[PDB]
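Trainee: Build me a structure from this.
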Amino acid sequence: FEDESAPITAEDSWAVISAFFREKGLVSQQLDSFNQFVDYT
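Mentor: Numbering: from 1, shown residues only. Sure, the structure comes next:
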């Protein structure tokens, strides 16, 4: 039924928001900064 090219609605915004937190987390900035520091600086 899906066209695989139809424009997304406001409901798909939450689907887009998901898999972003699943990848980064709420404390992603601190962990990324510390890892980069330890690895390079």
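
Trainee: in the helix or strand harbouring residue 14, what's buried?
Mentor: Element membership for residue 14 (DSSP states H and E) is helix 11-17. Within helix 11-17, no residue counts as buried by 16 or more other C-beta atoms under 10 Å. Bear in mind the C-beta positions are built from the backbone N, C-alpha and C, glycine included.

Trainee: list the helices and strands that helix packs on?
Mentor: Helices and strands touching helix 11-17, as assessed by 3 or more C-beta pairs under 8 Å, 6 or more residues apart in numbering; DSSP states H and E, are absent.

Trainee: Could you point out the helix or strand that follows it?
Mentor: The helix or strand immediately downstream of helix 11-17 is helix 28-40, counting by DSSP H and E.

Trainee: So what touches that following helix?
Mentor: With C-beta atoms under 8 Å, 6 or more residues apart in numbering as the test, helix 28-40 has contacts from residue 25.

Trainee: Alpha carbons of that helix, as CSV, please.
Mentor: This file holds the C-alpha atoms of helix 28-40, laid out as CSV (Å, rounded to 0.1, in the frame of the first residue of the first chain):
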residue,chain,number,x,y,z
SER,A,28,26.5,11.5,24.7
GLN,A,29,28.4,14.8,24.8
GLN,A,30,30.4,14.0,27.9
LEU,A,31,31.3,10.5,26.9
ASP,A,32,32.3,11.6,23.4
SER,A,33,34.4,14.5,24.7
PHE,A,34,36.2,12.2,27.3
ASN,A,35,36.8,9.5,24.7
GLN,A,36,38.2,11.9,22.2
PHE,A,37,40.4,13.5,24.8
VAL,A,38,41.8,10.2,26.0
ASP,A,39,42.4,8.9,22.5
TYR,A,40,44.0,12.1,20.9
